[PDB]
Amino acid sequence: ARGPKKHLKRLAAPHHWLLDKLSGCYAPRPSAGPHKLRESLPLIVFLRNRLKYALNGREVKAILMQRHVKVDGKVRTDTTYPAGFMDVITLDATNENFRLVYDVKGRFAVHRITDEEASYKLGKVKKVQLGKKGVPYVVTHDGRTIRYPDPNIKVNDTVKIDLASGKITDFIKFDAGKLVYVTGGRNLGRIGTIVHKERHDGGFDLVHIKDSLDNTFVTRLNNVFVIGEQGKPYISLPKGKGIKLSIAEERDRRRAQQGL
Amino acid sequence: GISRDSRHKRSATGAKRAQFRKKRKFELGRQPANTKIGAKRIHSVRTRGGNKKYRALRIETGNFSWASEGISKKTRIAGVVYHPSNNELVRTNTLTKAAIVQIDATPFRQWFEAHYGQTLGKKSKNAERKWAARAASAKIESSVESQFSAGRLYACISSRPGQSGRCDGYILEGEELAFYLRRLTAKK
Amino acid sequence: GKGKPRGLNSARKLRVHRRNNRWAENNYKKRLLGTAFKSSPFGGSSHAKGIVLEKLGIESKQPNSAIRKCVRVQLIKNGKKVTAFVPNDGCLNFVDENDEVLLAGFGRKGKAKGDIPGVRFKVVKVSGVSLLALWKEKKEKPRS
Amino acid sequence: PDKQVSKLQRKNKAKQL
Amino acid sequence: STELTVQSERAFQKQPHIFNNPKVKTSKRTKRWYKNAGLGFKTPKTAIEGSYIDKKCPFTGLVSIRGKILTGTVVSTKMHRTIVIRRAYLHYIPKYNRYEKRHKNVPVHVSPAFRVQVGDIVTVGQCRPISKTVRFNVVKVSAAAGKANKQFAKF
RNA sequence: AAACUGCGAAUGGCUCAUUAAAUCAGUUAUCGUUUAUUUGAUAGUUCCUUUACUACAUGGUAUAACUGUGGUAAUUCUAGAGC
RNA sequence: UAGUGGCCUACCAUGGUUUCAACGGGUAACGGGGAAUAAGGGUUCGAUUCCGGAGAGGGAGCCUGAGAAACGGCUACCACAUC
RNA sequence: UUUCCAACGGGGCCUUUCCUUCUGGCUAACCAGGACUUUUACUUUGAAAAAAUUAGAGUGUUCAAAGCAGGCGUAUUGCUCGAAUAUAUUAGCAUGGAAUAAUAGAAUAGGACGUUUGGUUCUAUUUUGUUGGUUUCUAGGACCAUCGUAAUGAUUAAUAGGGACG
RNA sequence: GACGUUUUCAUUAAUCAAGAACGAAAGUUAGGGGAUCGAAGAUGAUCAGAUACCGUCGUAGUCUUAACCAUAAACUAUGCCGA
């Protein structure tokens, strides 16, 4: 329809933004950049209505035209900026700093963090390739093009990328035992030490994956996200640790535990 | 608007398709280049993404390359002597992809007489080995040799002079010169 | 075998079988040929307004025994001439010919309430004003 | 001859009316 | 038909950019590029040791295999270098909880390496679009005739 | 202020006449393709002789608005010169 | 062409679809969740706040541009129709 | 929970019930490796199935229809719960299930158990000596001369049909 | 067709879209006889519509030959193979 789109209707947002059905007509459509449109979570969906530091849009831009907030070591100032998965948000406020990693619900939350791990970020190396002048390089999941990597690093691994300058420090291979995190599909926000791979020449590569409570589930491999070992995450994961409690046992936790 | 849409066709059962939407700009086809010999005005055109295409109507001179040796020379043609698709095209002397042409010898033989020490047609003590240590290496094919006396060889074209601006011939030799000389005596 | 195929490849027959037996149903053929659109002078509507042609001549398709004060009318959306009817009958005094009505059926698309041919449509609202607050002796009840 | 009043997509021709 | 020395067309069929070296003449005597087809396909031994060219052969030419692979039986080999298969299947109708026999004709290009007969069993793979109808290319011939070479010479 | 320049004006809003392997829906593929933007990475070789006709202490035009003489029945029409 | 391709074009071959319903005809036919239903199945409707398609009165056509066969853009025809 | 009497389950194995061969980690637990006690139809478990509708916690919007909202003290400058799941067959993509229907091997035995032997296509990871014309033994397929192998192939003659003859 | 058989095929099978044989009476073209009665018809009726049932001759037809037709209350008012 004659080139691109600029508006996103309310109810045409993804459900993980959790906008209210009334009070408006539209959604604050995310700009292009380091993430997908469909799992963006822009700046104003984070600020005004999940942290409530602003009450409406003009007060959001009152922050953003005052150079306070930071998204991964830079001074991003645009309202619809897609700070997506794994992106550290640091404030120049009363200095409380946050990550962007989901709950088990497939939805983002507020997760305040330390300064050991505010300093860096991660990424699924979605491509390793041999570009110009015979230079090997790697392309992670968001946008980064890191030159000259370890040649023993292949596709589907992960890195430990810094935020001051984009330097890979160490990596994680792909095998069993690897503490993992899913980005997409249904079991979004899960965790739990990959069982094994399935090759399926020309097709999807799915993967069998356990959890903490030993509850297997099979994603696709373009959503698997390896970040560890037998109990070794490389960030500070939020309260609840990603393991899916069922809705029978959140009417046993929110109802039978905190409800006396 | 020359569209290259499929929906103006007749589907393979024979059914006539009913009329869908109006014609579109993203599915466009342009005129033939219909590119020829004698001067050069290479009209560039502007395509989807900026991405300019050149179009070598009136192409005159090109980097033609003889494959069994490994040297590539700027050269100029006589004309065409064969065309695979249409035999109209030899009359108009039409250069395209994969036409058959007669190209100038003088870069190739001015290289040959100074590089080989065979000097076919018609610098100190180290540099005679350039002309003497090529034992069983200075032997061109006899059918290749006969084109030198006319001063014009046989070459075919591997370029797109409608869609790149270029003409890059390759000098035909051996098996395939035997086939296109079978056909060339039969058509020229 | 009860006159029908059953085997689990025979559906090819069956949805072509019932396909040729729906036409023996009545309103199916009435509906899917647009016969309500090629006929039925409402044209699939629910009401129509039109001028009264004239007073009506009674042709006995039984039984209501009088000159039933009925109105020859011809519509203006179509122009197709229909005999009409007024309830609360009598009072033949209070509109001229070539004057407005609003028509609506009797309950079966009419077809029978009195000895008058084709009388199937109660008049609802003459000239925009009603009848039920006009048989209520606020206003007055029309003529042909 | 033929009572052939069908094919009335040119019932829209009778937007002449 | 085609008469190997296969250049019965107006233009020399060859492998493009493959270059039979005419200056050096030595014990090579066969410059024939061939590829694996992918997916675990045994290449046909005609293609290794043949003179035909076939641009759209998945073993010698510039096509590829992707996405779909489809079975079926041949019909009507009266075209040139292509066959038509027809796949039978059972459509479903839930009005009657029953099925319905239908078939589909797939016009699929065939290689000269394979040689077929109307009534064999084919396995084809999807390729880039070749003509209007054709999006497939014959890649395995599972002929199941039943060994009637000397079967009539029976006891 | 105006005006040059840039980006925007291809989004939104409306309507459902066309359209029956068409659209569309679920699934595919691009080893067959373009992509402003955003984000990340990316030019010592630019006098193509960098053996110079050089200005890199930075080389030239052309013009709007400004102005000031006008015509049109009427348009967001525009003309002639000087910046 | 941004590119596959009968999308064309030049020579060839005689094919391809079909009673497993080709092809032709009609639709008061824009397609997908909805509705009335309510033992179940079946039935009929879906212009309509969302997705996708199409059009700016009907057909063409082209510029600018990454993007339009755009109409609160342009040229022409056709139907109108203002001072 | 010490637990006597019987009962519902599948497995390790066994009364020809082959549940296989294949060996480095090894002295089959399980991981590469060559064949399946045949291929489709069927079904079972995942995955894809936009959000809005439909079913429902919880929330005194005064009940509601709605809405996803919100509650608590020293209100001492704060504390703090959320915004589930159900569903959506064909088609498409993954694996068993071992009936049903299909497709039939081995009537030539020009076939399997061939752990066999002359001979054919072979052959370079090689070791050759660093790299290419001249070679073998040799890892991995097939058959004729050719026979050694265990238990070597004829599911029926239908109160279903077709013949003959009486 | 039945029946008997320790003969032969080893599933060659049921109905049936399409397709094909046959077909009363009657009727349809070209011939043979032309005995029998006899739709129509030509005559006598014969008195009002006791009721018009009567009676007498009758071309063709009935019988066949080279061919149709394709109709019955073609009805045991019941399609065909199973228990």
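Numbering of residues starts from 1 on every chain and follows the order in which that chain's sequence is written, so it may differ from the entry's own numbering; residues lacking coordinates are left out. To read the labels, note that chains go from A and ligands from 1, taken in the order they are written. A larger assembly contains the chains shown, and all values are computed for the shown part only. Remark: hydrogens and water are excluded; side-chain values derive from all non-hydrogen atoms of the structure. Residues with missing side-chain atoms are left out of burial classes, side-chain pairs and their counts.

Structure determination for this PDB entry is given in the record as cryo-EM, at a resolution of 3.8 Å.

Draft legend 1. Structural detail: the protein's contact with RNA strand G. Throughout this document, a residue counts as near a molecule or strand when at least one of its heavy atoms sits within 4 Å of that molecule or strand. In the vicinity of RNA strand G, 56 residues are found, and the nearest of them are B:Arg4, B:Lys53, E:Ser76, E:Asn105 and E:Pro129. Atoms of RNA strand G within 4 Å of the protein belong to the sugar or the phosphate in 73% of instances, the rest to bases. What qualifies as a polar contact is a pair of N or O atoms within 3.5 Å, subject to a donor-acceptor requirement within protein and to the restriction that residues adjacent in sequence count only when both atoms come from side chains. Between RNA strand G and A:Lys9, the relevant distance is 3.4 Å, taken from a phosphate oxygen to a side-chain nitrogen or oxygen of the residue. For helices the rule is a DSSP run of H or I covering at least 4 residues; for strands it is a run of E covering at least 2, with both sets numbered from the N terminus onward. Going through the elements one at a time, β3 (45–47) of chain B together with β3 (82–93) and β4 (98–109) of chain E are the ones with two or more residues in the surface near RNA strand G. Among the elements that line the surface near RNA strand G, the one with the most residues is β4(E), at 4 residues. Following the grouping adopted for this structure description, the nonpolar residues are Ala, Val, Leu, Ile, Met, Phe, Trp, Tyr, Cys and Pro, the charged ones are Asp, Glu, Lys and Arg, and the polar ones are all others, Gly among them. Classifying every residue of the surface near RNA strand G gives 14 nonpolar, 15 polar and 27 charged.

Draft legend 2. Layout of the interface of chain E and chain B. Listed as interface residues are 13 residues of chain E and, on the opposing side, 22 residues of chain B. Contact between chain E and chain B buries roughly 1300 Å² in total, counting both sides, with carbon and sulfur atoms accounting for 52%. Salt bridges are identified by distance alone: a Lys or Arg side-chain nitrogen within 4 Å of an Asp or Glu carboxyl oxygen. Here chain E is connected to chain B by 1 salt bridge. Between E:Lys23 and B:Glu69 there is a salt bridge whose closest N-O contact spans 3.7 Å. At the junction of chain E with chain B, the criterion picks out 9 residue pairs in polar contact. The residue inventory of the side of chain E that touches chain B, partitioned by class, reads 4 nonpolar, 4 polar and 5 charged. Contacts are residue-level and defined by heavy atoms, with any inter-residue pair within 4.5 Å sufficient. When two parts are brought into contact, each loses some accessible area as probed by a 1.4 Å sphere; the total of that loss over both is the buried area.

Draft legend 3. Focus on the pattern of salt bridges. A complete count under the given rule lists 23 salt bridges over all chains for this structure. The closest approach of N and O atoms between B:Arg76 and B:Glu60, which form a salt bridge, is 3.9 Å. Of this pair, B:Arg76 sits in strand β6 (residues 71–82) while B:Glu60 sits in the loop between β4 (50–53) and β5 (61–66), and the two are 16 residues apart along the sequence. Only protein chains enter the accessibility calculation, which uses a 1.4 Å probe; a residue whose area is less than 20% of its type maximum is buried, one above 50% is exposed, and one in between is partly exposed. Note on B:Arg76: relative accessible area 52%, which makes it exposed. Exposure remark for B:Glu60: the relative accessible area of 22% places this residue in the partly exposed category. Taken together, the shared-partner salt bridges connect A:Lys105, A:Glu250 and A:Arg254 into one network.

Draft legend 4. Quick look at the interface of chain E and chain C. Counting residues at the interface gives 9 residues for chain E, matched by 10 residues for chain C. Interface of chain E and chain C: buried area, both sides summed, is about 880 Å²; carbon and sulfur atoms make up 54% of it. Area buried by chain E at its contact with chain C is led by E:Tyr96, E:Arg98 and E:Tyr99, which between them contribute 61% of it. Here C:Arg12 makes a salt bridge to E:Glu100, at a shortest N to O gap of 2.6 Å. Our count for the chain E to chain C interface comes out at 5 residue pairs in polar contact. Looking at the side of chain E that touches chain C, the elements with two or more residues in it are β3 and β4 of chain E. The element contributing the most residues to the side of chain E that touches chain C is β4(E), with 5 residues. Partitioned by chemical class, the residues of the side of chain E that touches chain C number 4 nonpolar, 1 polar and 4 charged.

Draft legend 5. Representation of the sheet that holds strand β8 (residues 127–131) of chain A in the model. All names here are of chain A. Across the sheet, 3 strands lie side by side as β8-β9-β10; this open sheet has antiparallel pairing. Two strands lie at the open edges of the sheet, namely β8 and β10 (145–147), each paired on one side alone. Neighbour to neighbour, the strand axes of the sheet diverge by 30° on average, direction disregarded. Pairing between strand β9 (residues 135–139) and β10: 3 bridges, direction antiparallel. Counted as the bridge partner of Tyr137 is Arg147 from β10. DSSP bridges decide pairing: two strands pair if at least two such bridges lie between them. To get an axis, fit a line to the C-alpha atoms, keeping to the stretch in contact for a helix; angles then go from 0 to 180 degrees between the N-to-C directions.

Draft legend 6. A look at the pairing of β6(B). Residue and element names in this part refer to chain B. Sheet analysis places β5 next to β6, joined by 6 bridges and oriented antiparallel. From the neighbouring strand, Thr61 faces β6, where its bridge partner is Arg76. Counting the residues that bridge the hairpin from β5 to β6 gives 4 residues, and of these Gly70 lies at a positive phi of roughly 110°. Where β6 lies against strand β7 (residues 100–103), 4 bridges are found, and the strand directions are antiparallel. Bridged to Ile77 within β7 is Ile103.

Draft legend 7. Just helix α4 (residues 174–187) of chain B, in detail. Residue and element names in this part refer to chain B. How far a helix is expected to stretch is found by multiplying one less than its residue total by 1.5 Å. If you check α4, its first and last C-alpha atoms are 19 Å apart, about what 14 residues at 1.5 Å a residue would give, namely 20 Å. When α4 is considered as a whole, its buried residues turn out to be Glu176, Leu177, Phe179, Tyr180 and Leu184. Taken down its axis, α4 places every buried residue within 160° of arc, on the same side. Among the exposed residues of α4, those pointing more than 90 degrees away from its buried face are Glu175, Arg182, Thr185 and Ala186. Lining the buried residues of α4 we find β6, β7, α3 (142–150) and β9 (169–171). It is the directions from the helix axis to the C-beta atoms that the arc portrays.

Draft legend 8. The arrangement of the arrangement of the chains in detail. Looking at the 4 pairs of chains with contacts, the pair that accumulates the most is chains B and E. Here chain A and chain D are not in contact; the least distance found between their C-alpha atoms is 31 Å. In this assembly chain B lies apart from chain D, the nearest approach of their C-alpha atoms being 15 Å.

Draft legend 9. Seen up close, the packing of aromatic side chains. Within 6.5 Å between ring centres, the rings of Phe, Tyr and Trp (the latter by its six-membered ring) count as paired, and their orientation is classed by plane angle as stacked under 30 degrees, edge-to-face over 60, tilted in between. The full count for this structure, using the stated rule, is 16 aromatic pairs over all chains. With a centroid separation of 5.8 Å and 20° between ring planes, the pair formed by A:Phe85 and A:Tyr102 is classed as stacked. Residue A:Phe85 is found in the loop between β3 (70–71) and β4 (89–90), and its partner A:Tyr102 is found in the loop between β5 (98–99) and β6 (111–112); the two are separated by 17 residues along the sequence. Here A:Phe85 falls in the buried class, since its relative accessible area comes to 3%. Aromatic side chains C:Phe85 and C:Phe106 sit 5.3 Å apart centroid to centroid with 85° between the ring planes, which places their arrangement in the edge-to-face category. In this pair, C:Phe85 sits in the loop between β3 (81–83) and β4 (103–105) while C:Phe106 sits in the loop between β4 and β5 (121–123), placing the two residues 21 residues apart along the sequence. An aromatic cluster is built from A:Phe85, A:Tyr102, A:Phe108, A:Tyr181 and A:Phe225, whose rings are joined through pairwise contacts. Note on criteria: charge over ring means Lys NZ or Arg CZ within 6 Å of the ring centre, with the direction from the centre no more than 35 degrees off the ring normal. Between the NZ or CZ atom of C:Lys113 and the centre of the ring of C:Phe106, over which it lies, the distance is 5.5 Å.

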